[PDB]
Every structure is written in structure tokens, then in C-alpha cells.
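Residue numbers (PDB author numbering), protein chains in the order written: chain A, 675 to 722; chain z, 1 to 161; chain x, 1 to 161; chain 8, 1 to 161; chain 0, 2 to 160; chain 7, 2 to 161; chain 9, 3 to 160; chain w, 2 to 160; chain t, 2 to 160; chain AA, 2 to 161.
Even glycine gets a Cβ: it sits at the ideal position worked out from N, Cα and C.
Okay, so here's the structure we're looking at.
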Amino acid sequence: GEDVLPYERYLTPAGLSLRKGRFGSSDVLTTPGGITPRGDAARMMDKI
Amino acid sequence: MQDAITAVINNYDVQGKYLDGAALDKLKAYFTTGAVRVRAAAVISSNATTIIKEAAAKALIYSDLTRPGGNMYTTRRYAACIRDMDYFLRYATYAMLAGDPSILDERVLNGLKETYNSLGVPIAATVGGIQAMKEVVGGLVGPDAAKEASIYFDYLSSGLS
Amino acid sequence: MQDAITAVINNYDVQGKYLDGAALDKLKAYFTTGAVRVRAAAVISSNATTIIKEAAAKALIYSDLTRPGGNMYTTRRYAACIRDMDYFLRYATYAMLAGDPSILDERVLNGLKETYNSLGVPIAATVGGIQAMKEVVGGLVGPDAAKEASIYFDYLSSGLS
Amino acid sequence: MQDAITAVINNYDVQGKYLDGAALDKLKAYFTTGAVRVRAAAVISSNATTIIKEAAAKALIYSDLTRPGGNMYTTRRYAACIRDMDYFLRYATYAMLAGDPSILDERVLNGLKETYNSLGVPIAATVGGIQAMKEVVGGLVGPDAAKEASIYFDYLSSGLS
Amino acid sequence: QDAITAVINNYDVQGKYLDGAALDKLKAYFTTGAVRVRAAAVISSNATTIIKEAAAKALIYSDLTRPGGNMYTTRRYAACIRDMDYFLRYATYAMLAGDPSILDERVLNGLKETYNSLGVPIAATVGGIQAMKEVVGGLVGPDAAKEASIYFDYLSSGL
Amino acid sequence: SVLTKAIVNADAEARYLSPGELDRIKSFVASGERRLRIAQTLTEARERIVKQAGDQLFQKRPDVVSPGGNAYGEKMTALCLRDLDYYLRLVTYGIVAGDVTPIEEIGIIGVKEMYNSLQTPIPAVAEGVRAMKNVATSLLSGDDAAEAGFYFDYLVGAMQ
Amino acid sequence: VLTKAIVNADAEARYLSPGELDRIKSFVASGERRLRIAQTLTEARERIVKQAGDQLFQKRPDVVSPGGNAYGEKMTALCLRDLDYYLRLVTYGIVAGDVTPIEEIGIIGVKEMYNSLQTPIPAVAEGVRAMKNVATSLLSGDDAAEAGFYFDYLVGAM
Amino acid sequence: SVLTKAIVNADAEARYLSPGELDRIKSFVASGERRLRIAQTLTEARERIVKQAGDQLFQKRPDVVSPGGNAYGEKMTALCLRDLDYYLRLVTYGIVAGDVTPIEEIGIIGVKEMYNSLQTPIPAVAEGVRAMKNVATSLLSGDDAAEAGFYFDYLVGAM
Amino acid sequence: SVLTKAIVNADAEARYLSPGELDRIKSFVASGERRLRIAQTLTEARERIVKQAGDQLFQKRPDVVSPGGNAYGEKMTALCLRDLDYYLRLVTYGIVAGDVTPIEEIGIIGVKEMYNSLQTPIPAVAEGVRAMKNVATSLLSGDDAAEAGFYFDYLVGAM
Amino acid sequence: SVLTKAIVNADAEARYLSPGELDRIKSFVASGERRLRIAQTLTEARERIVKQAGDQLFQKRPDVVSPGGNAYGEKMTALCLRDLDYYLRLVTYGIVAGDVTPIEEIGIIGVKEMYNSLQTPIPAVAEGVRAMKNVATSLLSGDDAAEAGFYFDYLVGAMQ
Ligand SMILES: *[C@H](C)[C@H]1/C(=C/c2[nH]c(/C=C3N=C(/C=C4\NC(=O)C(CC)=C4C)C(C)=C\3CCC(=O)O)c(CCC(=O)O)c2C)NC(=O)[C@@H]1C
Ligand SMILES: *[C@H](C)[C@H]1/C(=C/c2[nH]c(/C=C3N=C(/C=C4\NC(=O)C(CC)=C4C)C(C)=C\3CCC(=O)O)c(CCC(=O)O)c2C)NC(=O)[C@@H]1C
Ligand SMILES: *[C@H](C)[C@H]1/C(=C/c2[nH]c(/C=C3N=C(/C=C4\NC(=O)C(CC)=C4C)C(C)=C\3CCC(=O)O)c(CCC(=O)O)c2C)NC(=O)[C@@H]1C
Ligand SMILES: *[C@H](C)[C@H]1/C(=C/c2[nH]c(/C=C3N=C(/C=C4\NC(=O)C(CC)=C4C)C(C)=C\3CCC(=O)O)c(CCC(=O)O)c2C)NC(=O)[C@@H]1C
């Protein structure tokens, strides 16, 4: 628009994996309506 | 993209053949189906916001996804997910009018898996959402339209999975 | 492949230099670390099945992946994923003994990203699994060994991503 | 990028937990270290040109690299190498202030190995230069600051190698 | 620029090192500073109301707002109140700074020409600025008002 | 956070941190200990703040907790309170960070869109945040309250 | 410092934040102390320059040698005058609380000016470092730290 | 190296390292420090070993340094000595590695072909290596010499 | 499915489909309608089949749902039942296909490896499938039951 | 503690501490640093020791965590684990003290009566303590384990 100088608007998926992927995905990729035991054992110790 | 009319034309053009009665019959077949399709498309456009709402309620929301640590947690992610849902709906509507699945391949399906994997978006949940939208859409459009609508939704689902 | 001892030798050979004290010191450093590494390797081999189990429990299983339409859905795919996990573990153990990351590059790392992208295996999830294995391994090996073990796991993770 | 304060916040946010004393302690630790870090950063900025000069003198110059047929031969290549050295120094300083290694991963470390391999720049020599800079920096910053500074330099070195 | 820098610049052209007399001028500014900060906080909190009151005094219930007037249509109305906000924000900046220069550099320069091309009425705008000044004077209180008034008047004279 | 912002500006300019920028970092680290206490106070009083704010909101807006209204019913009312709790947690994060950025990414971007799909009224949500601010201000000391107020105000400004 | 805060606000198009305002308040309180620090250096100015000059000439024999730029009475005076200029700028900086005053007068186009003169830039930097050491000794420790920052900036700039 | 060899066998079998294999690695790391000293000794004596061996070789084979012979002339004689030096460097590398593999890759594969193109007699080269062994053995202590001998013998066998 | 198998054999031989092969296809298409009904029956009774089989299994094997056992706890017990449901769905797929191949790809390849990592006992899983068969048999008519039995037996054999 | 015991005997006799008594005190102070480390180890591993022991106990005694059994239900199971945790804390106290007396006052006197009112089976409790011992022994080095074992054995002996 004549006053802003260009900046990086978009990037490709592989470019995005380069920057963020080191160390991969943190998370378990939770799903709706899944039976999961995750967190249960901690909750029991917190209770005890 | 391609549509049924253009598909016939393209097949003839590679042959170099002038349009013939057999070709005309295929075109005629599409023209009869067309009126139904247009009605279905108008229904979907008017109810688009609700369709997304209902589908999300059925699968996405009130779930671990929305809870902290879930992919759809935070406002930004929630908004992104519903935006994606809208895309799928709009493209399926386009495909239904066209009568061809090609547009889905050229715009939606191409590189989606890779994008999602980098993002960490869960594909199976997304597929679930698409299936939910299909069910809601089926009701609104009515039975004759539903069959046509369902194939495009299923095509998207199969591509993602 | 290459190992720490051979790496020093190769660097000297390209220079054409006879081995010198500075070079000898690097070799000596490796020799002290060696005993620890051997102990760590034996620990990992014995507990390999459990390490994989624990890591899967931490990241892979009880997820969208295992749910229908997920990459690790179906017995065949599940088995494949745990086979890949075992590969990573075995190679990391090899690298730890060697004291050099090269074997990982030559066997595991080269072409894996491309293979995975064609397959549609999610790289970030795989990386997550590798990181999980690292954590489990760290416990079993004990602290001195853990630092050494961690670098190779991290190397794999960085390569894949 | 991320900083220590934000890292704590983010970890809690995914859990959905309100900030707790253990979390507070980590934050408090950072706050004490902060003042030292700011002083160190100012020292590095003022002496940056010299730091690079000294490090180059220790490793890069008076070597085959600078001699014809070496990677850093020709003015253009020499200038490029010292520019790269400056980058590493500036980013390490940023990381030290931040208290987090993430910025290094996001900007410097991503794709560097691949770039260098295509260019034919020697990684081990580069690593050597980084280590040399660390030693020089350690002197100027003083002992308390040096420990903090060293970790980021080591992080860069590990990434490249 | 600012009062402190103004003193510095005057000394720099002379080439003189800073002296007690110069220090006294700086000290004078420092005493005024506390008052200014209080005034600025008052203005920021009441900014929306200040604009509302000033508009009520001059802009609204007028031909401007009626069809065929400059401030007719929502777009134009919104523009006019945005301009009013600019004047207020910059005056606040100037008051903290203790110097009118910022007004000249950002607000005042080229405004007349812009307004003439747009067909915005300058006299009405000036009226609005004066109205804002009166409202501001009340809120800030007397000591602050004198300081605040000069910057408002400066804007008005420029326009 | 303050520090992230400074680093980012430097990186864009491709320069080492400016003295002025460094000074702001120094100020922030000194402020941090005070900030931590303010955050701690709100965390401890979190349960009461939410409860009091909720009641105020429901009095201010009968409709939301009415058969027509979104909030009506136990399940729905819980969700409304959960939302208020979320925003409070975000505010605490903000205070320690010294910037609204942490708050902004988690809560303010796409908020309109999310609530519009839900059909929750945005102004009511804003009122609830305002209510929480008033409760929080009372527990906080005056200077502490002013700091906390800024973050609360931002939220209210973001949501309309 | 005040100018800096205003400028950031204007970019954001917002009124100054309370936190930003508080920093301004702190600065105005600090100013009186800052003035004293500046006053101290001004009084010791003549000696600081002289001592620094000697140190520089010892560190760099070449500059005051027949080949060197500094060599000869006229040239040596000019070199000392330059050191004096930089000291004056530093004092201005301390009172301002920002490097901007220093920066405009001394650090922009400095490379170009000295290259035309043919004066070696590193030697100039050493002279500033030398001045810092002398100045630090006269200043009290906390005062010295404040002064050091401005001195360091100059060295970094050059 | 010993370790590289063990890893490679395991990878081919696609199994974790066997206990026996691990034990050999342990033994090697213990031996290494002694091996380093043996290598260091030879490196220091390198210049003299080459010189002495060269003389012995030329006495053993007058022909090589004769107008017909390949070695004859200063340039050629230097090259022959350079070759002896190369082989000694390789032997030192071998001792530290604990395996002939490092030696083998650099020096023993394609050696016949290279020398046949050069027309250098392979048996004479072998004699030179034998000569170097004898000199090296004398400087080394008996047990050290035995270790060094194995690597020297391998070279002689290879050519 | 039957048809895929026939086509694949033809393609290997690089010939058009043999008359005998064609006849088998004809028989299969006639059988299909009956097969569809059998599958439909089991789908409708799916919920009860799983429930009944689960109870039988738990009675037969107390240990699996015991503190030591894998199945123990609500979460775990649900997962065990989910697995039984999965196998039932596979069986229905098999009946319509007329072949075990659909069943085999989804459920029987890598099953050992998966369960060994989980540490689930394979024999217990087999018992559950046997239990499901008995329940399914009762609801089905005798001839229908025999058809269904084959697929159930295959699963039991596979595990 | 050993020191308390010595002082008490002296006070009864109305005499200054005997050289023999003093010698025992000297031995104890030398031992203490080693004892502190042993205690520290168990404290760090406390959470895991309790968890592992609980599982073992429940495997050994299915009945206790069964509808009839006392331990059955989440609330009850937590209480059973809390009891195990209590006994572990007592054991650590014992090790630092160098005598069972601290353990004995808090845990072993009236234990039968308390559990009989509760109707908790005493033998099951003993098994749990035995289980904890085995876990604790594994983490401890052999000589450390022997020291820890004595205290664990005492508890088991006390409760039957
Ligand atoms: C001589 C007229 C002036 C002078 C020279 C000088 N050079 C160095 C060191 C180096 N010189 C180079 C320059 C080049 N390398 C290249 O690739 C090219 C183009 C092909 C050039 C011209 C290099 C690389 C070095 C670094 C060391 C090395 O050679 O590897 C020095 C020493 C620097 C030091 O302080 O160590 C000097 C003195 N110096 C003068 O003042 C003369 C006027
Ligand atoms: C009525 C539905 C609600 C209501 C209205 C209300 N409006 C005003 C004052 C003004 N409204 C306008 C609006 C317009 N100007 C335009 O150019 C357009 C588009 C073409 C519109 C819609 C304006 C400019 C004014 C200012 C008055 C003027 O003409 O100068 C008021 C008066 C407020 C006051 O006294 O300050 C009111 C009450 N208010 C309600 O509560 C109703 C729900
Ligand atoms: C309370 C003042 C108002 C209110 C709230 C309300 N919310 C929901 C449902 C949800 N709200 C959220 C919001 C968030 N999720 C996030 O990630 C963030 C940022 C951290 C927020 C703020 C979400 C995700 C949901 C969706 C359901 C879910 O829990 O997954 C409801 C009920 C759902 C519905 O509308 O049917 C309500 C009632 N309602 C009001 O009217 C109050 C003004
Ligand atoms: C029940 C008869 C037995 C039993 C089952 C059991 N399974 C799990 C966990 C999983 N089982 C599966 C199995 C499948 N996934 C597939 O893709 C297929 C084919 C379609 C099957 C059969 C999977 C993937 C899991 C992993 C968890 C997940 O869902 O992500 C458990 C619990 C696992 C654990 O050990 O924690 C159990 C208990 N266990 C028994 O003892 C019964 C005899």
C-alpha cells in the first residue's frame, strides 16, 4: 500500500516444520470421546 | 476445476470429435439433475452457520479437544477449527453443483494431510466432524439431494483418511 | 559407519598429519566414557520391549492415531509403528556405543522424511514418540549415561523434523 | 520465540493449571539471574567485533581455510564466514537474555546443517569457531555470567554437529 | 523533542558543557513533570467522555450532522470523532513532553492542505478543539489546566 | 512478555539490544517480584472472585440465566462460570508476563467467532469480566489494583 | 526516555500506559542524581582527556609517529579535541538518560567522516575506552556503572 | 575400529549387540591407553624409522635404486621414502583403532593396481615395510613390539 | 472378497477368467443376499452379543479383571469390550465379503505384536471371541450359524 | 532418640552421663550423616514406594479391594494408601532417630485397637508394610537397605 514495506505473510508446511519440529510434537493428540487413562494415577496420588 | 458439462467437452476435444447425440444425452442427464442441485445448494448456504454449530456439538465440543491440552483449546484454535469446517462445507456445495469431485482434489484435498501433520491437527477428529456435517446436511437437503450431497462429503473424508 | 576413534583418524588422514597429542587426548576422552556406554547399552537391550511400551503409552496409544481413521489404526499399522520405534531405539544404542551420530545419518535419517511424507505417517507424532523413549531411557540408564544417550535421541528428532 | 517466563506460562496453560508455588519458584529463579544477564549482554555487544577477531585468530585464520583452496579463501568467503560468526554471537546473546534456547532453534538452527552441506562449508570448523567465541566471551562476561552464556554457545554447537 | 533535549541542543550549538543555569531550567521542568503525569492519566481515563462533551457542544445538533453536511453519514461522523481523538492524544503527548514541536511535526504539518482537499471545515474543527480544551481544563484542575491549554491553543492556531 | 518483545524488535533490526531496550528489561526484572505477589493473591482468591462476579453478572443480566437464555440450566451455568475462571487465569498470566500478549493469544483472538457460533452474548461476557475486576480490585491493595486493572480493562476492551 | 516512551505509544496509536508513565516518573526523580554524576565528570574533564590521551598514545605508538595521523602538535591537539568532544557527548547522555543525544551528534556518519580524515577508527575506540577507565576511577561505583553504559555504547558504535 | 566392526555386524543381523561383542568392546577401551602410548612412541621415532628402513631396503634391493630401477634418481628416491612414511602413518592409525580396517581402506585396496600402473615392484615395497617393522620393533618394548608387529605383518601380507 | 481372489488368479496367469472361476462368482452373487441378512442380524444384536460374551469371558477368566490383570479397572474393562466389538464388526465384514481377507488385513496381521506390547494375554482374547460366537450362534438359525461359525473359528485360529 | 534415652536413664539415677553412655552418643553422631542420606533417599522415592507397595498388596489380597472388603471404593482405597504413606513417614523418622521409639509412639501403640474398631484386617496392613520394605530395599544400597530393613521389620513385628 505504498507505506508498509513487504513482510513475510505465509509459509509452506515444510518451512513450518523446520522451525517448530525440533523436539517434535508435545501433546498426545487427544481425540473426542476416547477412553484414556491419562492423568488418573496423578489424580489418585494428589488425593492420597 | 472441472464440471460435468466441461468434462464431456474435454473428452470430445481430446478426440477432436464434434459433439454427438450420445454426448448430448449425458449433458441432458446433468441438466435434469441440475434443478435439484441448485435447490440443495441454497438450503445449505442459508443454514451453513447452523450446520457447523450442530456438527461441532455432535463431535468436537464438550470434549477433551476443547479442554486444555486439546487441539481446539484456546479461542484462536477454536476459531480455526470452525473456519476449516466452513471450508469443507463450501467446497462440498461447490462440488455438488458441479457434479464433479475434481474441485475437492484440486483445492481441498491437495497437501491437506501434510499441512495437518505439521500443525498437529488430528485428522480422525476432523473426519468425524465432516461426517457429522454430512448427517446434518442430509436432513436439510432432503433424500434425493442427500444422496448427491453424501458422495462429496464421503470423498473428502476418504481423502483425509 | 564411523565411530569417534575413526573420526579422529579420518580428520588426520585428510590432513596427512601423524597422530598428535591433542588428537590422542580426544581419543583418551572417548576411552574413559566407553565403559559407561557399554553398561548403558546392556540396560537398554534388556529393557527394550518395556521402553517401547512405556513410550507408546506416554504419546501414541489412547489417541486419535489409534482411533479409526488414524495412522496407527488397524493391527498392521500398529505393528509397523512399534517396529519403527524399535529401529530408532536400536540405532540410538549403536550411536551411543560408537560415540558418533554418523550411523544415524547413514541408515535412519537419510530419505526417512520423504518416505514418511509419501506414506502420510505424521512426523511430529513420531518425533514425540522418540522424545518419550528418551525420557524412559534416561531413567533406566542413570544420569551419567543419560546425557550421552540424550544427544543421539535428540539428533534423530532434529533430523526427522 | 519463547522466553523462560512464557515457557512456564505455556506449560501451565496446556495443563490448565493456575500458577503454583513450584512454578513461582522457577519464575523467581529467572528474576534473580536477570540483572546479571543484562550486564553480560551489554558487555558482549560492546566487545562483539573483538570477540569475533579473537575467535577467528584462535581457529579460523592462519590455517588451510584461509589459504587458497580453503573454504574461507577469497575476500567474499572470508567476509561471509565472519558474518556468520556475528550471527551466532548475536543470537546467543538474545538467548541468554531470554533464558530460553528456543530462539536459536527457530532462527539459527533450523536448516543450517543442510545449508552448510550444500554450500560445502565445514561444520566442524564452524563448531570450533563457536567454541572459541565462547571462551573469549567467558572472560569478558565474568564467571557468574559465563556459565549462563556457555549453555547457549554449547546449544548452537550441538545443533550444528 | 522535549524540554530536556531542547536545553541540551541549545548548549550543543554553543558547544558549552552543561552548566548550573542550564541545570536550573532542567530542574524547573522536573518539578512541573509530576503535575503533568497526573494530568495525562486524568485525560486518558476520560478521553471518550471529553470527546463526547466537546461534540455535543459544537459538532452535533448542527447542519454538519444533517444531510448534506460534512459530518453526515456514519463514515464521516466516525472520521470526525477519530480526528478529535488524535488532537487529544497528541496534546497529551505534548503536555508530558513540555514542548510544542511534536504537534508541528505530526499533527500540524500538511493538515490545512489535507482538509482543504477533503472539504472538511477548518473553523468547525478549531471550534471542536477549543471545546475539548474547556472540558479538559475542568477535569485536570487549575494548575494542570494552564499547561494543557497552551498545547490546545497551539493546535488551534496551527489549524 | 516484555523481554520477548524487546528481543523481537532487535532481531528485526538485526542489531544487538539497544541501551534503552536493555534498561526496560532491567526495570521489568525488578518489578517481577512485586508482580508475582499480585498474581499469587488473585490465584488464592480465585474461587471467591469467580463466585462473586457470577452473582453480580446474573443480577445485572437476568436473561442469560433464564429459560430462553444460553446460561440457563446447571450444565450451562457451570460452563459460564468456567469461562469466567479461564479469563481470570489468563489475567494472572498477563500480570507475571508484564504484557497482554499471553492473554491475547489464548483468549482474545477469534473470541468473537467462537462465541458467535456458541451464540453466547459477547457483551454479557464483558460484563462478567468487569464484575471480576471489581471483586479483584477490592482484595488487591490500591497500587496492585491499578496494575491488575490494566489487564482487566484490556480484556473488556477486546470483548465487545 | 520520555521521547522514547511517547514514540512507542504513537506507533501503537494509544495513550501512554500506566507502567510507561511510572517509568517516566522514576526517570524525573533520577535526573537530579544524574546531573550530579555529569557535573563530576565535567569538573574532571580536562584531566580525564589528558590521562586518556597519554594511555592511548602508549597503547598505540604508531598514531603519534611520522606516518601516523596523530603525529605533530596540530594533529595531536585535534586528536585530543576529538576525545573532549566525545566526553561532552557522554555527559549529555547521562543527563538525558538515553544515548540518542550522543548518537545524533557523534555516532551517525562517524565511519565516513573518519575515513575521509584517514584517522583509524580502532584507535579512536581505544581512546574512548581509556577515557572510561579514568572517569570510572573518579566516579563512585554505582555512579561509575551508570557512566560505563554510555561509554560502552560509544565504544560499540565506533 | 573394533567398535565399528561390532556395530556393523549387529546391524547386519538387525539385533542389539551381543554380550560377547559388548565384552570385546570393554576390553578394547581398557587396552586403548596402552595402545595410544605405543602409537606415540612410533610417531616420535617416525623420521628415523623411515630413514633406517630406506637404507636397509636399498641395500637389500640394489636394483630398485639403479638406472633401470623405478626408485633411481633423487625425485624417485624421495617418492619411495614418502611411500614408506605413508605406510608408517597408516600403521599408527591402526594401532589406536585396534583394527586393520582404517589401514586397509587407505592403503591396501587397489594397491596392486596402483603400483602396477606405476610399475613399482610390489615385493620391494613389502621389503621396505618389513624393514620398517624391524626398526620399529627395536625401539618398542617387547609386548608393545608384538602389538605393532601384527599391524606391520598385515601390511606385508596385503602387498 | 471372492471376486477379487478370482480376478487376481486370472491376472497372474495372464488369462481371461476360466468358466469354473466364473461359475464360482455366479454362486457367490446368489449367496450374497442370504449373507447380507446374516450380517444384518448380527449388527442389530451387536450390543447384546458383546455384553453377554464379556460376562462369560470374565466368569471364565477372573484374573483378567483383577488388580494384577490387564483388564482390571473401568477404563481397561471398557477397552477390552471395545476390542470385542471391533472383532465382531470384522466378522460381519467377512460374511458379506465371503472371504476372511477383509477380516485378516484389519485384525489378524501384527495382532500378536500389538497385544504383546500391550501385554494383553492372547488366549483370553481368543476365549472372548469364542464366547461371542456362542451368543451369535443362538440368535442365528442353524444354517446361518454355520456360515457365521466359520468366520468366528478363523478369528479364534488366528489368535 | 538415643540421646533422649541416655539422658532419661541418667536422670532416674540422678547422675551425670556415664562414659559408656557418652560413647554411644559419639557413635550415633558419626552414624547420623549416613542415616540422613538413607532417609533422604526414601523420602524422594516415597510416592513410587507407596504406589508399588499398594499394587503388590492388592494383588496379594484381592479381597480387601472387593465389594465386601474394607479397602473397596476410591475413597477407601485412598485411605488405605494414606495409611501406607503414614507408616513410611514413620520409618524415615526412625532411621534419623536411630531407634524405633519415634515410630512406636506414633504408630504401634493402640494400633490393634484402632484397626479393630475400623475393622481393617491387621495382617493385610502388615503385608503392605512388607511390600513397602521390598520396594524400599531395591532403591537403597545393600548396607543402607539392611539399616532400613530393621525399622521395616519392627513395624511388621508390631502389627500382626
Ligand atoms: C600489507 C600491504 C598490509 C597488511 C597485511 C596483512 N594481512 C594480514 C592478514 C591477512 N591478510 C589476508 C588477506 C587476504 N586473504 C584473501 O583471501 C585475500 C584475497 C585473495 C586477501 C588479500 C588474510 C586472509 C589474512 C588473515 C591471516 C591469514 O593470512 O590467514 C595481516 C596480519 C593480520 C593479523 O593481525 O594477524 C597483515 C599485517 N597489513 C598492513 O598494515 C599493511 C599495509
Ligand atoms: C433509536 C432506534 C435508538 C436511539 C437513537 C438515537 N440517536 C441519537 C442521535 C443520533 N443518531 C445519529 C445517527 C445517524 N446519523 C447518520 O448519518 C446516520 C446514517 C445515515 C445515522 C443512523 C446521529 C448523527 C445522531 C446525533 C444527533 C444529530 O442529528 O446531530 C439519539 C440522541 C442522543 C443524545 O441525545 O445525545 C438517540 C436517542 N437511541 C436509543 O436508545 C434507541 C434504541
Ligand atoms: C458466561 C459469562 C457466559 C456464557 C458462557 C458459556 N460458554 C459456553 C461454552 C464454551 N465456552 C468456551 C470458551 C472458551 N474455551 C476456550 O478455549 C476459551 C479461552 C481459554 C474460552 C473462553 C468453550 C470452548 C465452550 C464450548 C463448550 C465446551 O466446553 O467445549 C457455554 C455453553 C455452551 C452453549 O453455548 O451451548 C456458555 C453458556 N454464557 C453466557 O451467556 C454468559 C454471558
Ligand atoms: C479384551 C478381550 C482383552 C483386553 C483388551 C485390551 N485392549 C487394550 C488396548 C488396545 N487394544 C487395541 C486393539 C485394537 N486396535 C485395533 O486397531 C484393533 C483391530 C481393529 C484392535 C483389536 C488397541 C489399539 C489398544 C491400545 C489402546 C488404544 O485404544 O489406544 C487394553 C488396555 C491397554 C493397556 O494395557 O493399558 C485392554 C485391556 N485385555 C484383556 O485382558 C482382555 C482379554
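- Along the region 62-96 of chain t, going in chain order, the ones with a CB nearer than 7 angstroms to a CB of chain AA are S67, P68, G69.
- By the neighbour-count definition (other C-beta atoms within 10 Å, threshold 16), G99 (chain 7) is a buried residue.
- Of the heavy atoms belonging to ligand 2, at least one sits nearer than 7 angstroms to the Cβ of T66 (chain 0).
- Among the CB atoms of chain x, one or more fall inside 8 angstroms of the CB of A40 (chain w).
- Taking a 10 Å sphere around the C-beta of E128 (chain AA), we find 16 or more other C-beta atoms and assign the residue as buried.
- Contact of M133 (chain t) with chain x is not assigned, every C-beta pair being separated by 8 angstroms or more.
- For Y73 (chain 8), no alpha helix (DSSP H) segment is defined, and its DSSP state is neither H nor E.
- Check the Cα spacing between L89 (chain z) and each of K28 (chain z), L104 (chain z), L24 (chain z): the tightest is with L104 (chain z).
- Look at the region 101-114 of chain 8: it has no residue with a C-beta under 7 angstroms from a C-beta of chain x.
- If only complete runs of 4 or more residues are kept, the region 32-117 of chain 0 shows the alpha helix (DSSP H) at 48-55, 75-98, in order along the chain.
- Of the heavy atoms belonging to ligand 1, none sits nearer than 7 angstroms to the Cβ of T121 (chain 9).
- At least one CB of chain x lies nearer than 8 angstroms to the CB of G120 (chain z).
- Pairwise C-beta distances place the region 71-83 of chain x out of contact with the region 133-150 of chain z, as fewer than three of them are shorter than 8 angstroms.
- Proximity of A48 (chain z) to chain 7, defined by a Cβ-Cβ separation below 8 angstroms, is not satisfied.
- Residues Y152, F153 of the same chain have their beta carbon placed closer than 6 angstroms to that of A92 (chain 8), with the five preceding and five following residues left out of the count.
- If you ignore the 5 residues before and after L43 (chain 7), its C-beta comes within less than 8 angstroms of the C-beta of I50, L89, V92, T93, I96, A137, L140, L141, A149, all in its own chain and listed in chain order.
- At least one heavy atom of ligand 2 sits closer than 7 angstroms to the Cβ of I61 (chain 0).
- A54 (chain 7) is positioned such that its CB atom lies no closer than 8 angstroms to that of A146 (chain 7).
- Assigned with DSSP and collapsed to three states, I5 (chain x) falls in helix.
- Contacts with chain z at 8 angstroms (Cβ-Cβ) include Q15 (chain 8).
- Approximately 6 angstroms separates the beta-carbon atoms of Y30 (chain 8) and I5 (chain 8); this is inside 8 angstroms, confirming the contact.
- Between the C-alpha atoms of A7 (chain 9) and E22 (chain 9) there is a straight-line separation of about 7 angstroms.
- Between the alpha carbons of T102 (chain AA) and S150 (chain x) lies a gap of roughly 46 angstroms.
- Taking the Cβ of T75 (chain 8) as the reference point, at least one heavy atom of ligand 1 falls within a distance shorter than 7 angstroms.
- Counting of Cβ neighbours within 10 angstroms places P63 (chain 9) among the exposed residues, the total staying below 16.
- Three or more Cβ pairs closer than 8 angstroms define a contact, and the region 39-59 of chain 8 meets that threshold against the region 122-136 of chain 8.
- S157 (chain 8) is outside the set of residues whose beta carbon lies under 8 angstroms from a beta carbon in chain x.
- Less than 8 angstroms divides the Cβ of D86 (chain z) from the Cβ of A48 (chain z).
- Residue-level contact check: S150 (chain x) does not touch chain A, since none of the beta carbons of chain A fall below 8 angstroms from its beta carbon.
- Taking C-alpha positions only, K134 (chain w) is separated from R37 (chain 8) by approximately 59 angstroms.
- Residues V127 of the same chain have their beta carbon placed closer than 6 angstroms to that of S161 (chain 8), with the five preceding and five following residues left out of the count.
- Selection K113 (chain AA), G143 (chain AA), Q120 (chain AA) evaluated against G158 (chain AA) yields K113 (chain AA) as nearest (Cα-Cα).
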